[PDB]
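In the deposited numbering, the protein residues as written are 46P, 47P, 48P, 1 to 157, 171 to 385. Data first, discussion second: the structure below is written as C-alpha cells.
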Ligand SMILES: CCCN1C(=O)OC[C@@H]1Cc1cc(C[C@@H]2CS(=O)(=O)C[C@H](NCc3cccc(C(C)C)c3)[C@H]2O)ccc1O
C-alpha cells in the first residue's frame, strides 16, 4: 500500500524537501522538512516572519508538557524551545497515529527559510545525536515501537517533489538493482567511502581522507560537502576538466552563479564523479556516479534575462563528508535501519544527460576497506 505515499514530498534541494503531517487534537496541519541528518522532531510554536502557521499547543487536548527546555545547533541555523508530546499523523503516509516527542520552537536564528513552505523539521537519524540527549526518543523510533510499521524508510528526491516511503520499498520508484552499504554506526547515517574517481580518474588519496572525520547521508543538506583535502583535490580536477571555459573564483566557492544561453550549458566539459561505497561482502564495494547536472544546482536568473544559471553545489567541510540532497536526487535511497544498511538504486526520476547517465554499479573489489574508516 506504498502507492499512497508516492509523490508525498515537495520542495527542492535548495530550501529542502518536506512532507505533510498533523499534530494535536484536533489535527493541526504542518509541512515538515525531511532530514536524515538530525534526530529531533521540532515545529514552529510561536509567530515568525517566515512562518504562515505554527503549532498551537493550547488548542490541542492531547498535548503534554515535558517541563524541559531544548535547543539544537545545526551547521547553519539554530532554535530553542520547550519539549512535550502529542499525537502525530502523516496524511500521505502509513495510516497510523503515534505519540511522539515534539520540540515546540519558541525562538530561532537562521533556521526557518523564507518561502520554503515548511514550518517544522523531522529528524530521521538516531537517538545518539538527539538533543538534549539520547533519552529523547526520535519520531521514527516512536513510530516503530507504537505500530507495526517496518523499521525502514526510503527516499526518492526529485530535483529538476519526491517520495518518502515509510515502512518499505516501492519497487516502482527505481530501476536496476539496489546496492547496499553498511551503516557504520547508528547516530548519523554514517557510511564509508572507499574510493573516489573523477571522469574515471582515481583521486589517489588515502581513503581515510574521504571519511575524515566521517561520511553521512543527509537529506537535510543541500550540497555534496567534502573534507578540505578532498574538496581541493576534487575542485582541481573539475577545473582542469572544464578548463575550456573560465569561471569566477567565487563560483568554485559556491558564491557566484555562472550562466549560459538558455539551453547551451556545456555539460560535456564537466566531469562525472564516482563515489565508491563499502559493500555487504568481504572486499566488495559498489559505486554511484554523479553527473554535472547534480552538482550544478540551477538558480533563478539574477539578471532580467532568462539564461540557465547554476551554483557549484560542492563545498568544503570541516565536519567530514556529507552526501546531501543534490547527491540523493538522482537516486532511490533506502534507509534500512532493521538491517543496518543503506541502499542505492538509480531513481525513476533520474537526470537526463545526452551521452551520460547517473548510475549505481557493482560489484567491485576493494581490499582493506576497513582502513578507510576514520578513528
Ligand atoms: C535540502 C536543503 C537543506 N538546507 C540546508 O542545507 O540549508 C538550508 C536548508 C533547510 C534547512 C535544513 C536544516 C537541517 C540541517 C542543515 S545543516 O547544513 O546544518 C546539516 C544538518 N545535519 C548534520 C548536522 C550538523 C550539525 C549538528 C547536527 C545535530 C542536529 C545532530 C547535525 C541538518 O540537520 C536546518 C535549517 C534549514 O533552514
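We put the CB at the ideal spot given by N, CA and C, even for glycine.
Given this structure, state the Cα-to-Cα distance separating residue i from residue j, to the nearest angstrom.
{"i": "residue 234", "j": "residue 300", "result": "10 Å"}
{"i": "residue 197", "j": "residue 79", "result": "23 Å"}
{"i": "residue 323", "j": "residue 245", "result": "11 Å"}
{"i": "residue 320", "j": "residue 31", "result": "24 Å"}
{"i": "residue 243", "j": "residue 217", "result": "13 Å"}
{"i": "residue 103", "j": "residue 46P", "result": "37 Å"}
{"i": "residue 84", "j": "residue 361", "result": "38 Å"}
{"i": "residue 68", "j": "residue 308", "result": "33 Å"}
{"i": "residue 2", "j": "residue 223", "result": "35 Å"}
{"i": "residue 200", "j": "residue 314", "result": "43 Å"}
{"i": "residue 252", "j": "residue 295", "result": "29 Å"}
{"i": "residue 370", "j": "residue 328", "result": "27 Å"}
{"i": "residue 179", "j": "residue 347", "result": "13 Å"}
Let me know if residue i comes out buried or exposed under the rule of 16 or more other beta-carbons within 10 Å of its beta-carbon.
{"i": "residue 230", "result": "buried"}
{"i": "residue 365", "result": "exposed"}
{"i": "residue 283", "result": "buried"}
{"i": "residue 39", "result": "buried"}
{"i": "residue 50", "result": "exposed"}
Taking the alpha carbon of residue i as the reference point, which residue from the options has its own alpha carbon closest?
{"i": "residue 185", "options": "382, 359, 366, 384", "result": "359"}
{"i": "residue 249", "options": "232, 281, 379", "result": "281"}
{"i": "residue 345", "options": "92, 226, 371", "result": "226"}
{"i": "residue 122", "options": "151, 4, 190, 239", "result": "151"}
{"i": "residue 263", "options": "108, 238, 270", "result": "238"}
{"i": "residue 90", "options": "71, 128, 4, 11", "result": "4"}
{"i": "residue 43", "options": "77, 10, 172", "result": "77"}
{"i": "residue 117", "options": "63, 12, 157", "result": "12"}
Measure the beta-carbon distance from residue i to residue j and round it to whole angstroms, keeping in mind my assumption that it falls under 8 Å.
{"i": "residue 101", "j": "residue 36", "result": "Rounded, the Cβ-Cβ distance is 17 Å, inconsistent with contact."}
{"i": "residue 114", "j": "residue 7", "result": "7 Å"}
{"i": "residue 273", "j": "residue 318", "result": "7 Å"}
{"i": "residue 154", "j": "residue 335", "result": "6 Å"}
{"i": "residue 228", "j": "residue 333", "result": "7 Å"}
{"i": "residue 367", "j": "residue 220", "result": "With a Cβ gap of about 24 Å, residue 367 and residue 220 do not count as contacting."}
{"i": "residue 16", "j": "residue 87", "result": "7 Å"}
Say whether the stretch 207 to 216 touches the stretch 367 to 379, bearing in mind that this needs 3 or more beta-carbon pairs closer than 8 Å, one atom from each stretch.
no
Any chance the stretch 132 to 145 sits against the stretch 91 to 98, with 3 or more Cβ pairs inside 8 Å?
With the cut-off at 8 Å, the stretch 132 to 145 and the stretch 91 to 98 touch.
Three Cβ pairs or more, each shorter than 8 Å: is that satisfied between the stretch 47 to 59 and the stretch 9 to 29?
Cβ pair count under 8 Å is three or more, so yes.
Cβ pair count under 8 Å reaching 3, the stretch 245 to 265 against the stretch 336 to 353:
At 8 Å Cβ cutoff, the stretches do not touch.
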